[PDB]
Amino acid sequence: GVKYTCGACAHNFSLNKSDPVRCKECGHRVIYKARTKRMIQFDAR
Amino acid sequence: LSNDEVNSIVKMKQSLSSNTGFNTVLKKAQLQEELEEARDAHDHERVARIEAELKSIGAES
Amino acid sequence: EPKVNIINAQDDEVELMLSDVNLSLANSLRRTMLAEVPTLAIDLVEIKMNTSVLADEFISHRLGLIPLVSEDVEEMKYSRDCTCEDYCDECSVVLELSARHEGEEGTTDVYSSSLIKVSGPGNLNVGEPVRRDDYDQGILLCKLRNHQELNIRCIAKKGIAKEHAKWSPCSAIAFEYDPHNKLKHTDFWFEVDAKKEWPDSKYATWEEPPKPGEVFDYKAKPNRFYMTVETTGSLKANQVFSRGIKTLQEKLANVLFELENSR
Amino acid sequence: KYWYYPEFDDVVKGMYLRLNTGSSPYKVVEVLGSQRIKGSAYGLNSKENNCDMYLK
Amino acid sequence: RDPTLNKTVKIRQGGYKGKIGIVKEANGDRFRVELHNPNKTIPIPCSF
Amino acid sequence: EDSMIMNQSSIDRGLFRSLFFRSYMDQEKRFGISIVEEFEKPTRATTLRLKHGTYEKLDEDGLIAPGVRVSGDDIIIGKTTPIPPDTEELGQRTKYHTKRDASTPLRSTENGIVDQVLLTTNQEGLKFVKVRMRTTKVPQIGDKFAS
Amino acid sequence: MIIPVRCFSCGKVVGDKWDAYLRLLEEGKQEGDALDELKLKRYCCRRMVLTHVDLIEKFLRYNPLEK
Amino acid sequence: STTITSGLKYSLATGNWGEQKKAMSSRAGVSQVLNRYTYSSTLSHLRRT
Amino acid sequence: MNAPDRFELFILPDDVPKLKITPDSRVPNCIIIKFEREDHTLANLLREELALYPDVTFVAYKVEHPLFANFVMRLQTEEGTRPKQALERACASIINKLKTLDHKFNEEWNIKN
Amino acid sequence: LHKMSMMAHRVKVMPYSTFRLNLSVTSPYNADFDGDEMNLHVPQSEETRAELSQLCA
RNA sequence: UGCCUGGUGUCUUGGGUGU
Ligand SMILES: [Mg+2]
Ligand SMILES: [Zn+2]
Ligand SMILES: [Zn+2]
Ligand SMILES: [Zn+2]
């Protein structure tokens, strides 16, 4: 439901809150969430 | 998927894995550790093969 | 009664001499040119994707400082004074940047030339980032390697340098008067001799040095002012000078109107 | 996304899918089975998408 | 029950035109909106 | 008396401007054979004693996503611990509190942008998250400088 | 980290002169002569290019986190 | 194997140079968190007596 | 956190008058003028222009605090002249000076273009 | 150290995040502006306000 | 008419700030 990114091979995937925390293709134990889809605005100051 | 299934898939893709910088670095580190183990055992025959393999794998840019 | 004499003229800097004006008027003109002439600068950044090594607000701050052509900014309106919902074409200029590196080797530089004007006021010469020449790449904004992309949409608004220094058209205004210190407005620190320990002013040849037997003149006032106006390229030097004069006139006229309407 | 599953071999069995004939009129083929082929790694979708599974 | 609470909003008038925020307080006719651009929260009328 | 005057225009152009990062850690503890903590977005119905902050910035897995602006007292990690149910099963339509909130709020005086969220497993095989927050600090009256 | 867009003190745009400065230094010109050739008169501007340390070339050597 | 492992880890983690159950009367502060505020601070911390 | 908005230096609130005048009864024919959202740029110009008028016997100004954008000016003329008329004359005279300065600069720039 | 280290001032609300003092009172407090911090206590009654304004001013 | 929440460990230790 929510995307994730591996910490070594930078491979995108998704998890269902029941899979083991692991990259599907290289088996790394550290993964990162992906950026939000909301709008990000800055004041340029 | 289960943990064992994940390990099996990872091993399968490693067999399919032609090359990956992280995996190459890990392999070179493991080879260096094996080489020091052979050196401490005074095995002059294994160390030559490990040195040849390390020379072949190396030479990065 | 006031007089102007131009020494050097360029697109980016003018060196001129004012005379027959009070020191206060020249200083007010300098202050107005420094911090009260309206220009156009990026004020909102909407970051659709930023995978570079720089922080989002780092790049936003860098973008805000890029000078944009502000020739016709008089016709433009202030954002807070525009009745339109959201931003229209008459109070904002929309620029878009999209940078990407292709291939698995090398580094790509993102320059201000990549900023593309998408929308703005009709037929007004505003919004385009300033370029020295047609082949000048411009200000370096960021650097990218493989699989790093920068995709942003920036909105430029009209403002003055009082609110933020990014709207200042001038860089540094050299200002100087009385090179030979005949008015004794400064007292010269020295160790042995004050005359040979202090460098001559660059305009020392424009005024006759005082005679050895001359007495002090207590009736004299500063009369000739030498000032150099340097710009960032958003506005030409003559445009900066003329618009500073016009801004000062508008301020005084507003004060006069307030006085006359007070009764 | 699912070719490396152990059950994928029986899952793909009997399925009907659009196939590029190449010799292009797309047509439907019936899966009689699958056979892993070592040394025949091929790009599946991108360069990194190496695959050894084959569909008979 | 204040349906606009915790919803992304944009300001169309005043000194903050075109700034994205999130509504935090919805007592009435005076909405507290935190701004994404600086790190601050400001009051604002509903009409804005 | 050791003060100093700084140029506002130089500050506007980036003088002495800096970047600030703070990281938060949390992990799922194991209390027994089947008493575990869970990363989730707690609901006002099934959990009791919630923090006064807002939970609307959490994702489905109870973790905030990078790029989201956060303020003080906002909830960046959603965690619940199980509690033995009461006699509310009398007439409650499944709306009885079985879990207690153990969420991690952002510090009251701090705010910024969520920079990077890390999810992994600890030595014991339980979930383990780290959230890094980023903000920019501009010089102002009272900041300390030295030669 | 990367060359500032404007000089801190006065506000001259120095962000477009880093590449030219490096090119001039490559040809054997001295630092003072290189800064003079770029028309940087005031020493407030000269310190911006003279004392800049380019750290982004070190941050870029890390493998990008996405692809 | 837990004896040596836990003893070393505890002494390095807390800085109390001794057995865990003899925390009192043991020399404290031997192990400290590395100061990473700036490069010079780290270099100074690594050469401290 | 407590830093005020930068536009408050020049943007005038609706309820705040730009220009408030109150008499100074300690001396005859004197007024105190409070300018809002202004600084030394207008104040010094007005002060040095008014100081040269023979019918103005006292003119001064001060900025109470650098963190607030306003200044207060004290003006005191002769018996014949009302101070507000002197202020208006100063404003008009400076406007004419600026106008002729602009004209001369344009002429010189065109000549040297 | 002495009783001039606690004195009662009159509040003036100002922007930015620092307490501000006239520099003549930096001597009794033994304070300078290189990073010192000072404590402020608010009276909560009419009696206490009168005591502060009539004794410790 | 579907209707809104304040409640925050302890003990040690270590490094710092201003005198
Ligand atoms: Mg001190
Ligand atoms: Zn991976
Ligand atoms: Zn508009
Ligand atoms: Zn400079």
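Determination of this PDB entry was carried out by cryo-EM to a resolution of 3.6 Å, according to the record.

### Some details on empty space enclosed by the protein
Quantified by volume, the largest cavity comes out at close to 100 Å³. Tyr4 and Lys17 of chain A together with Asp61, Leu119 and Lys127 of chain F are, among the 14 residues lining the largest cavity, the residues nearest its centre. If you list the elements that add at least two residues to the lining of the largest cavity, you get β1 (2–6) of chain A together with β10 (127–137) of chain F. For the lining of the largest cavity, a count of residues per class yields 8 nonpolar, 2 polar and 4 charged.

### Points about the coordination of the zinc ion (ligand 4)
Residue and element names in this part refer to chain G. Around the zinc ion (ligand 4), the protein contributes the donor atoms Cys7 (SG), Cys10 (SG), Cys44 (SG) and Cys45 (SG), at 2.3 Å from the metal centre. Coordination geometry of the zinc ion (ligand 4): the 4 donor atoms subtend angles of 101 to 114° at the metal centre, consistent with an arrangement described as tetrahedral. Between consecutive donor residues of the zinc ion (ligand 4), the sequence gaps follow C-x2-C-x33-C-C. Residue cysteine 7 is found in the segment before α1 (18–26), and its partner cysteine 44 is found in helix α3 (residues 43–50); the two are separated by 37 residues along the sequence. Residue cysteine 7 shares its accessibility class with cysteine 44, and that shared class is buried.

### Examining the sheet that holds strand β5 (residues 93–100) of chain C
The strand order across the open sheet built from 5 strands is β4(A)-β3(C)-β10(C)-β5(C)-β7(C), with neighbouring strands paired in antiparallel fashion. Edge positions in the sheet fall to β4 (41–42) of chain A together with β7 (116–119) of chain C, since each of these pairs with one other strand and no more. Bridge count between β4 of chain A and strand β3 (residues 39–50) of chain C: 2 bridges; the pairing is antiparallel. In the strand pairing of β3 of chain C, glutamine 41 of chain A is matched with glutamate 46 of chain C. The sheet strands contacting helix α2 (residues 56–64) of chain C are β4 of chain A together with β3 and β10 (149–159) of chain C, and the helix crosses β3 of chain C at an angle near 155°.

### With respect to the nonpolar core
Grouped together as the largest cluster of nonpolar side chains are 51 residues, with contacts concentrated most on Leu16, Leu18, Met33 and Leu252 of chain C together with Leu46 and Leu50 of chain I. The greatest single-element share of this core, amounting to 10 residues, is contributed by helix α2 (residues 83–112) of chain I. Setting aside residues no more than four positions away along its own chain, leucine 46 of chain I makes contact with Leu252 of chain C together with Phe35, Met73, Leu87, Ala90, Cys91 and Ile94 of chain I. One finds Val110, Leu115, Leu144 and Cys154 of chain C within the second-largest nonpolar core, a separate group that totals 37 residues.

### As for the packing of helix α3 (residues 237–262) of chain C against helix α1 (residues 40–50) of chain I
For the pair α3 of chain C and α1 of chain I, the least separation of the axes is 11 Å and the interaxial angle reads 75°. On the basis of their axis angle, the class for α3 of chain C and α1 of chain I is roughly perpendicular. Between α3 of chain C and α1 of chain I, the residues in contact are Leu248, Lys251, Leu252 and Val255 of chain C and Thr41, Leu42, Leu45 and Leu46 of chain I, respectively. Split into classes, the residues belonging to the contact of α3 of chain C with α1 of chain I amount to 6 nonpolar, 1 polar and 1 charged.

### Quick word on the coordination of the zinc ion (ligand 3)
Around a metal, the idealised angle for a tetrahedral arrangement of four donor atoms is 109.5 degrees; for an octahedral arrangement of six donor atoms it is 90 or 180 degrees. Residues and elements named next belong to chain C. Every protein donor of the zinc ion (ligand 3) is listed here as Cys82 (SG), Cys84 (SG), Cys88 (SG) and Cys91 (SG), and their distances to the metal cover 2.3 Å. Taken together, the 4 donor atoms surrounding the zinc ion (ligand 3) define angles of 103 to 117° at the centre, an arrangement classified as tetrahedral. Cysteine 82 sits in the buried class, given a relative accessible area of 7%. On the basis of relative accessibility, which here comes to 1%, the residue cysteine 91 falls in the buried class.

### Details of the protein's contact with RNA strand K
Residues in contact with RNA strand K amount to 15 residues; listed here are only the nearest, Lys51, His52, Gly53 and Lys144 of chain F together with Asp36 of chain J. Among atoms of RNA strand K positioned within 4 Å of the protein, sugar and phosphate together represent 48%. A distance of 3.1 Å separates a base oxygen of RNA strand K from a polar side-chain atom of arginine 1 of chain E. Separating a base oxygen of RNA strand K from a side-chain N or O atom of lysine 51 of chain F is a distance of 2.8 Å.

### Some remarks on the packing of α1 of chain I against α2 of chain I
Residues and elements named next belong to chain I. Where α1 contacts α2, the axes come no closer than 10 Å and their chain directions differ by 105°. In terms of their interaxial angle, α1 and α2 are classed as roughly perpendicular. Touching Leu45, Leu46, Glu49 and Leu50 of α1 are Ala86, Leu87, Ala90, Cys91, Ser93, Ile94 and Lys97, all from α2. In the contact of α1 with α2, the residues fall into 8 nonpolar, 1 polar and 2 charged.

### Details of the sheet that holds strand β6 (residues 79–82) of chain F
Residues and elements named next belong to chain F. One open sheet holds the 4 strands; their spatial order is β2-β6-β7-β3, and the pairing between them is mixed. The sheet is open, and its two borders are formed by β2 (38–39) and β3 (47–48), each paired with just one other strand. Across 2 bridges, the pairing between β2 and β6 is antiparallel. The residue of β6 that forms the bridge with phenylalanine 39 is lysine 79.

### Looking at the interface of chain G and chain C
Of the residues lining the interface, 25 residues belong to chain G; the matching set on chain C comes to 26 residues. Of the roughly 2,100 Å² buried between chain G and chain C on both sides combined, carbon and sulfur atoms contribute 63%. Put simply, chain G and chain C have 3 salt bridges between them. Between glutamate 230 of chain C and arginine 42 of chain G there is a salt bridge, with its nearest N and O atoms 3.4 Å apart. At 3 residues, the largest contribution of residues to the side of chain G that touches chain C is made by helix α4 (residues 56–59) of chain G. A breakdown of the residues in the side of chain G that touches chain C according to their chemical character gives 12 nonpolar, 3 polar and 10 charged.

### Quick look at the interface of chain C and chain I
On the chain I side, the residues contacting the 42 residues of chain C number 39 residues. For the pair chain C and chain I, the two sides together bury roughly 4,100 Å², of which 69% comes from carbon and sulfur. Linking chain C with chain I are 3 salt bridges. Salt-bridge contacts for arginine 31 of chain C lead to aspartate 39 of chain I; the nearest nitrogen and oxygen are separated by 3.3 Å. One can count 6 residue pairs in polar contact joining chain C with chain I. Of all the elements in the fold, those that place two or more residues in the side of chain C that touches chain I are β1 (3–9), β2 (13–19), α1 (23–35) and α3 of chain C. The element that contributes the greatest number of residues to the side of chain C that touches chain I is α3 of chain C, accounting for 14 residues. Broken down by class, the residue content of the side of chain C that touches chain I amounts to 22 nonpolar, 11 polar and 9 charged.

The rules behind these values
Residues numbered from 1 in each chain as written, not as in the entry; some residues may be left out. Chains lettered and ligands numbered in written order. Part of a larger assembly, values for the part shown. Heavy atoms only, no water. 1 Å grid on protein atoms, 1.4 Å probe; cavity = no way out; pocket = protein on both sides within 12 Å on 5 of 7 lines; lining within 4 Å. Points joined across faces, edges and corners; volume = space filled by probe spheres on them. Helix = DSSP H or I, 4+ residues; strand = E, 2+ residues; numbered from the N terminus. Nonpolar A, V, L, I, M, F, W, Y, C, P; charged D, E, K, R; others polar. Donors = N, O, S within 2.8 Å, 3.2 Å for Na, K, Ca; no water. Tetrahedral: all angles 85-135°; square planar, octahedral: opposite > 155°, others 65-115°. Buried < 20%, exposed > 50% of the residue type's maximum accessible area, 1.4 Å probe, protein only. Pairing = 2+ DSSP bridges. Contact = heavy atoms within 4.5 Å. Axes fitted to C-alpha atoms, helices over the stretch in contact; angles between N-to-C directions. Core = buried A, V, L, I, M, F, W, Y, C linked by side-chain atoms within 4.5 Å. Parallel < 35°, antiparallel > 145°, perpendicular 65-115°, else oblique. Near = heavy atom within 4 Å. Polar contact = N/O pair within 3.5 Å; in protein donor to acceptor, adjacent residues only side chain to side chain. Buried area = accessible area lost by both parts, 1.4 Å probe. Salt bridge = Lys/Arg side-chain N within 4 Å of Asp/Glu carboxyl O.

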